[PDB]
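Notes follow once the structure below has been shown.
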Ligand SMILES: CCN(CC)CCNS(=O)(=O)c1cccc(C(F)(F)F)c1
Ligand SMILES: CCN(CC)CCNS(=O)(=O)c1cccc(C(F)(F)F)c1
Ligand SMILES: CCN(CC)CCNS(=O)(=O)c1cccc(C(F)(F)F)c1
Ligand SMILES: *[C@@H]1O[C@H](CO)[C@@H](O)[C@H](O)[C@H]1NC(C)=O
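Chains as they are written, first to last, in the UniProt record's numbering: chain A, 35 to 288, 294 to 572; chain B, 32 to 289, 295 to 572.
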């Protein structure tokens with residue numbers, strides 16, 4: 035056997051596998067169990083630390099994907115499949131993955147911990163897009179990724195009940211966080227330098243760890259990509275959670296006590312739960328998800344907004360960002376007149392129709408406010424503008440403005456913030472051009488995929504991917520994405536409340552801009568709330 | 032007669048006039064001044080609709096300006112030209128219904144298109160005799176027949192107890208209508224063409240013009256319209272009947288005037309004119325700017341419905357209107373009310389002062405509507421910059437009151453059949469006496485349109501003369517033909533009509549015409565489209 039592939043952790047012995055990255059080998063350990071399989075009566079329950087094992091456990095292969103809805107809108111299409119599960123579905127999914135350089139680091143390496151997205155209803159650490167070999171190999175990072183329970187299995191809550199207190203998916207993450215503290219040293223990783231990063235639902239979990247005291251001792255830095263704990267989609271109230279749980283239970287046939300109800304749910308095949316997962320939304324919406332974290336006054340003392348509005352972030356360091364076209368991706372998923380197979384030019388009417396969807400909570404008047412604000416009064420009926428507007432609304436509503444809000448809140452309250460906007464459209468992107476740089480297409484670059492010679496990316500992009508892996512790791516190492524030996528380019532300045540500087544991430548060297556949709560986000564973050572209050 | 036100038040003696044329906052030959056830079060003009068067109072609206076005719084002037088005997092000397100209609104006089108800035116130039120320059124009297132006529136010298140042989148000017152001044156002030164309204168240049172240089180007229184302002188012109196016989200409302204507007212009638216009967220005696228009459232006016236004058244377009248009995252008295260920095264629609268140009276009554280009654284109390297409306301009015305008719313003026317500003321519902329106590333009332337008579345209603349639903353194929361604004365419609369008003377602001381400093385305000393100012397500048401806005409205003413005009417990169425705030429404050433006031441109503445008007449008119457030409461006037465006079473920060477304020481296009489820079493003794497620059505002349509060509513071409521362009525100077529930039537499809541309009545300044553798209557389009561969607569929903 036190969037010594038560089040045998041590791042003893044607190045629970046037993048593991049055998050990793052030696053993988054070939056373009057530039058050299060890396061040691062990988064996949065399918066590492068961090069919890070007792072939360073199946074049977076353990077459904078909806080917090081996770082328990084995994085029992086010790088005998089012999090040498092094989093950790094050379096990806097474990098199962100947590101049970102979730104699978105998308106089927108464009109069957110066999112790379113643009114959607116790249117996010118679908120690539121291993122069997124199982125409730126038995128509590129496993130993590132560690133990549134490290136080969137030979138494993140000589141001195142304690144900073145740790146990256148990735149948390150996936152998928153709107154709290156899908157996702158997996160086995161996705162090719164999340165391949166950790168490149169960062170480990172090129173930047174010599176130790177990189178960790180866990181599976182956590184999504185959808186009903188991870189976030190169905192009957193608040194205040196003992197048998198379904200909610201947030202267990204986030205507990206699954208918190209427990210892998212712990213695992214890394216107890217075990218990562220063995221792989222050469224530095225438990226004293228752990229950066230979390232994540233996108234979409236993932237960025238919000240990161241945020242929620244920032245905001246939950248029990249977690250603030252498991253990491254030292256965060257990166258939130260295209261997602262926040264605050265905002266319209268990442269949390270529900272206890273009353274809203276209770277509502278959906280109860281509704282679902284009704285939907286599969288379970294009207295009495297908390298204990299009785301959940302008991303019956305526990306006796307239901309996975310696909311039954313997923314079969315109705317979607318039917319419990321309060322409105323015909325987009326960028327809305329059925330089972331998400333709940334404000335329980337436990338994991339979350341209060342709402343993320345209350346929490347960011349008054350937290351003390353004296354000792355925090357954070358990288359926050361969006362892409363150029365946060366909204367596009369979502370429109371093809373049920374917004375009348377949109378499709379990836381035509382340029383989706385819309386009429387004024389469909390534009391109105393579509394606003395009541397991307398802002399499901401909006402009053403009649405609140406919606407009119409949006410429409411008037413995003414209409415280009417020079418070309419109020421121009422089909423291209425109307426389409427592009429629809430995207431902007433949805434992206435600004437759900438991502439850009441919430442992010443602007445968090446940055447502003449953090450910076451103002453002591454935190455050290457770096458903000459980007461990601462502006463480069465993949466050469467091999469399979470979505471139409473009208474969607475621009477969609478939600479989730481910075482990831483491949485951060486993870487270093489363009490170095491995969493066979494992915495047919497251009498050289499410019501290979502160079503670009505390398506530049507980001509640096510930023511991200513320099514951040515992990517130092518809390519500052521700036522090369523301490525660079526050099527080009529103009530240096531990435533911290534986001535502040537006074538100047539509000541962020542940078543564009545594109546093929547050209549860094550350019551500094553001021554104000555993250557300042558005027559438009561003022562409208563979302565400052566005025567609209569009055570309009571509904 | 033017999034030894035006078037045979038070229039200064041004309042007859043009108045009321046009798047014989049003797050006018051005066053005036054000198055202008057380029058030659059002589061004929062001027063007839065203080066021609067009475069109505070019986071003096073005094074004593075028991077105070078507040079009443081004007082009665083047509085009764086013929087006189089002998090030749091009436093029409094060589095000097097008549098009395099200015101009784102009005103409040105600005106004292107904010109004593110002896111300062113900036114303000115003085117708008118103050119009455121003849122004795123104040125309730126006997127003030129007189130018009131003026133300027134024509135070439137000698138008078139034209141073929142019928143000449145006629146320009147009728149109507150002064151602004153909030154309906155609280157204004158005189159056709161101010162220097163800035165001198166027809167001598169348009170007359171001499173373009174061969175225009177120019178008519179300007181006095182009309183009752185303040186209480187005397189617009190105080191109304193709606194529904195009553197003694198104070199029906201709008202008599203100020205009726206004075207004007209009477210002068211238009213006068214032109215239709217008499218203007219041919221001076222060589223003017225009654226088949227070709229063009230109204231024009233600024234601020235309240237502009238609003239006035241709007242109101243004749245909108246008022247059926249006026250729409251045979253003219254053929255074309257110009258509206259400078261004012262509109263019949265908007266926040267300040269009109270009040271409901273309920274609100275007019277509210278203010279009439281309030282004024283009465285303030286002056287001791289407690295057969296119901298009859299008794300009330302009768303008492304008011306016994307008050308010195310000066311006591312009425314002394315109390316005019318107290319009937320305002322809120323601390324404000326760009327609001328005036330006594331303006332036209334929506335009576336369902338002169339004005340059948342509200343101006344807003346009428347422009348929304350009208351048919352204006354036959355209408356040729358030229359409209360526009362100045363770069364800085366709002367600056368002038370700030371120094372008369374908004375704490376922080378003054379002509380004698382650079383008026384850099386704080387955020388606090390800006391929020392306080394928005395309430396004043398938008399007096400009828402709820403707390404929520406005001407937040408909306410403040411969030412729109414705030415620059416969220418620099419929400420505390422004193423210079424930005426100073427200029428946003430100016431822009432709230434300008435947009436709300438002029439630029440957006442004008443935008444609203446052009447939009448509805450074009451959409452409904454009318455030829456509209458729109459402009460923005462961007463040139464600050466080298467001679468302007470206000471501070472730089474005010475930009476090109478409300479009213480400082482007038483001197484150029486009337487051609488005052490041609491007066492050599494006014495110390496304007498050569499460019500400004502060329503420029504003043506260009507603008508007279510535009511105005512006077514539009515008067516002639518309904519189109520401001522020149523068929524003969526065809527190579528020069530064209531001035532396209534404003535259309536809902538392209539919202540085109542031109543910049544007016546020392547440089548050749550530039551065409552632009554969209555009258556503060558986005559910001560006016562706010563004022564014109566959203567804000568009304570925020571309260572509906
Ligand atoms: C990094 C993103 N891609 C591109 C290299 C990874 C692989 N595509 S896939 O896993 O998402 C996959 C796997 C199997 C089938 C299909 C489909 F083509 F049918 F869609 C796709
Ligand atoms: C990890 C990033 N994304 C891809 C960009 C994963 C899936 N997209 S989504 O969850 O964020 C999403 C996107 C669009 C529609 C829906 C649906 F719920 F309506 F189906 C979900
Ligand atoms: C119409 C011609 N203007 C030129 C700008 C003369 C000034 N009168 S005002 O209505 O425009 C005006 C000007 C300043 C203050 C006020 C007040 F009503 F608030 F007092 C009114
Ligand atoms: C114009 O200029 C002359 C000096 O060239 C000056 O004496 C005169 O007072 C000025 N008049 C005005 C109107 O300013």
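Cβ coordinates follow ideal geometry from the N, Cα and C atoms, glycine included.
Check whether the Cβ atoms of residue i and residue j sit closer than 8 Å, and answer yes or no.
{"i": "residue 176 of chain B", "j": "residue 134 of chain B", "result": "yes"}
{"i": "residue 293 of chain A", "j": "residue 355 of chain A", "result": "One cannot assign coordinates to residue 293 of chain A, given that chain A in this structure leaps from 288 to 294."}
{"i": "residue 555 of chain A", "j": "residue 539 of chain A", "result": "yes"}
{"i": "residue 432 of chain B", "j": "residue 397 of chain B", "result": "yes"}
{"i": "residue 201 of chain B", "j": "residue 333 of chain B", "result": "yes"}
{"i": "residue 343 of chain B", "j": "residue 268 of chain B", "result": "yes"}
{"i": "residue 358 of chain B", "j": "residue 319 of chain B", "result": "no"}
{"i": "residue 86 of chain A", "j": "residue 50 of chain A", "result": "no"}
{"i": "residue 239 of chain B", "j": "residue 204 of chain B", "result": "yes"}
Identify whether residue i lies in helix, strand or coil by the three-state DSSP scheme.
{"i": "residue 325 of chain B", "result": "coil"}
{"i": "residue 550 of chain A", "result": "strand"}
{"i": "residue 173 of chain B", "result": "helix"}
{"i": "residue 513 of chain B", "result": "helix"}
{"i": "residue 401 of chain A", "result": "coil"}
{"i": "residue 148 of chain B", "result": "strand"}
So does residue i have its beta carbon nearer than 7 Å to some heavy atom of ligand 2?
{"i": "residue 101 of chain A", "result": "no"}
{"i": "residue 372 of chain A", "result": "yes"}
{"i": "residue 260 of chain B", "result": "no"}
{"i": "residue 117 of chain A", "result": "yes"}
{"i": "residue 329 of chain B", "result": "no"}
In whole angstroms, what separates the C-alpha of residue i from that of residue j?
{"i": "residue 123 of chain A", "j": "residue 569 of chain A", "result": "44 Å"}
{"i": "residue 95 of chain B", "j": "residue 211 of chain B", "result": "21 Å"}
{"i": "residue 350 of chain B", "j": "residue 452 of chain B", "result": "7 Å"}
{"i": "residue 262 of chain B", "j": "residue 438 of chain B", "result": "7 Å"}
{"i": "residue 259 of chain A", "j": "residue 155 of chain A", "result": "18 Å"}
{"i": "residue 516 of chain B", "j": "residue 444 of chain B", "result": "26 Å"}
{"i": "residue 286 of chain A", "j": "residue 322 of chain A", "result": "20 Å"}
{"i": "residue 257 of chain A", "j": "residue 237 of chain A", "result": "7 Å"}
{"i": "residue 488 of chain A", "j": "residue 165 of chain A", "result": "8 Å"}
{"i": "residue 41 of chain A", "j": "residue 54 of chain A", "result": "19 Å"}
{"i": "residue 266 of chain A", "j": "residue 372 of chain A", "result": "18 Å"}
{"i": "residue 298 of chain B", "j": "residue 153 of chain B", "result": "27 Å"}
{"i": "residue 57 of chain B", "j": "residue 173 of chain B", "result": "11 Å"}
{"i": "residue 509 of chain B", "j": "residue 424 of chain B", "result": "37 Å"}
{"i": "residue 78 of chain A", "j": "residue 197 of chain A", "result": "7 Å"}
{"i": "residue 81 of chain A", "j": "residue 217 of chain A", "result": "18 Å"}
In chain D, what lies closer than 9 Å to residue i by C-beta?
{"i": "residue 151 of chain A", "result": "Absent here is chain D; the protein component of the structure consists of chains A and B."}
Got a sec: does ligand 3 put a non-hydrogen atom nearer than 7 Å to the Cβ of residue i?
{"i": "residue 412 of chain A", "result": "no"}
{"i": "residue 182 of chain B", "result": "no"}
{"i": "residue 156 of chain B", "result": "yes"}
Going along chain A, which residues have a C-beta under 8 Å from residue i?
{"i": "residue 416 of chain B", "result": "554, 557, 558, 560 and 561"}
Could you check if residue i belongs to the surroundings of ligand 5, using beta carbon to heavy atom distance under 7 Å?
{"i": "residue 495 of chain B", "result": "Among the ligands present in this structure, namely ligand 1, ligand 2, ligand 3 and ligand 4, ligand 5 is not found."}
Quick check: is any heavy atom of ligand 1 less than 7 Å from the C-beta of residue i?
{"i": "residue 189 of chain A", "result": "no"}
{"i": "residue 110 of chain A", "result": "yes"}
{"i": "residue 476 of chain A", "result": "no"}
Which chain B residues are close to residue i, counting only those with a beta carbon under 8 Å from its beta carbon?
{"i": "residue 566 of chain A", "result": "407, 408 and 411"}
{"i": "residue 539 of chain A", "result": "417"}
Under 7 Å Cβ-Cβ, which residues of chain A neighbour residue i?
{"i": "residue 569 of chain B", "result": "404 and 407"}
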